[PDB]
Ligand SMILES: C=C(C)CNC(=O)[C@H]1N(C(=O)[C@@H](O)[C@H](Cc2ccccc2)NC(=O)COc2c(C)cc(N)cc2C)CSC1(C)C
């Protein structure tokens with residue numbers, strides 16, 4: 023689709039067998055989701071931005087469906103205020119910024 | 023242009039006659055720039071990011087160029103980690119997300 027930016031660009035995602043709402047975020051390098059279970063091994067990571075850093079769990083090779091488009095990549099899980107789809111998965115669904 | 027997301031979507035902006043680097047950030051409602059001098063009166067705002075909240079100074083009706091595109095709108099100034107062009111100005115330059 024073409025998504026305008028008058029309001030937050032929220033979409034439905036399917037991850038880990040669950041439906042969530044998430045923000046398409048070109049400012050985020052990484053994808054970070056509120057607390058949930060995911061399969062496989064993980065390792066701790068710190069991610070930062072406005073207000074500083076939070077500690078998350080990094081899971082690799084996670085699938086995911088974003089607004090009906092599948093992909094695979096790293097998903098960070100932790101105390102994010104907002105579920106965020108970052109560039110690592112936006113590329114895979116073919117998302118670009120156009121003006 | 024069409025900006026892909028394999029790298030950070032960094033552009034040059036012009037504000038106060040000076041060129042700066044900034045990030046096109048669909049996850050940001052507002053535009054936040056590092057400490058600088060802007061004319062006029064300001065109002066207080068708090069904004070929440072990944073790590074918590076910061077206090078910023080809100081300046082309205084500021085002339086700003088984004089990747090050569092002229093905008094006039096609200097600019098927040100404060101301890102952001104990078105200069106962020108948020109949706110308030112992305113809409114002025116006609117930006118959309120597309121996939
Ligand atoms: C993996 C990450 C999300 C870490 N990256 C980052 O945090 C990067 N940023 C991003 O990815 C930004 O899009 C974030 C996303 C976000 C939204 C709501 C809660 C938390 C975080 N937005 C913000 O930090 C603040 O955005 C605003 C919001 C959400 C509301 C208002 N009113 C004003 C602003 C500026 C801004 S700083 C950055 C490093 C460029």
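Chains as they are written, first to last, in our numbering: chain D, 23 to 121; chain G, 23 to 121. Even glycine gets a Cβ: it sits at the ideal position worked out from N, Cα and C.
- Query: Is residue 103(D) near ligand 1, going by C-beta to nearest heavy atom under 7 Å?
  - Reply: yes
- Task: Run the proximity test for residue 99(D): is its beta-carbon closer than 7 Å to any non-hydrogen atom belonging to ligand 1?
- Result: no
- residue 110(D) in three-state terms, based on DSSP: helix
- Can residue 54(D) be considered in contact with ligand 1, in the sense that its beta carbon sits closer than 7 Å to one or more heavy atoms? yes
- Message: Taking CB distances under 8 Å as the criterion, tell me whether residue 63(G) reaches chain D.
- Response: no
- Item | Under 8 Å (Cβ pairs) to chain D, residues found in the segment 36-58 of chain G | 45, 46, 47, 48, 49, 50, 51, 54
- Any heavy atom of ligand 1 within a distance shorter than 7 Å of the CB on residue 51(D)? yes
- Name the two residues that bound the continuous beta strand (DSSP E) containing residue 82(G). 74-88
- Please say whether residue 82(G) and residue 102(G) have beta carbons closer to each other than 8 Å? no
- For residue 94(G), is the classification buried or exposed, using 16 other Cβ atoms within 10 angstroms of its Cβ as the cut-off for buried? exposed
- Query: Would you say residue 106(D) touches ligand 1, meaning its beta carbon is less than 7 Å from a heavy atom?
  - Reply: yes
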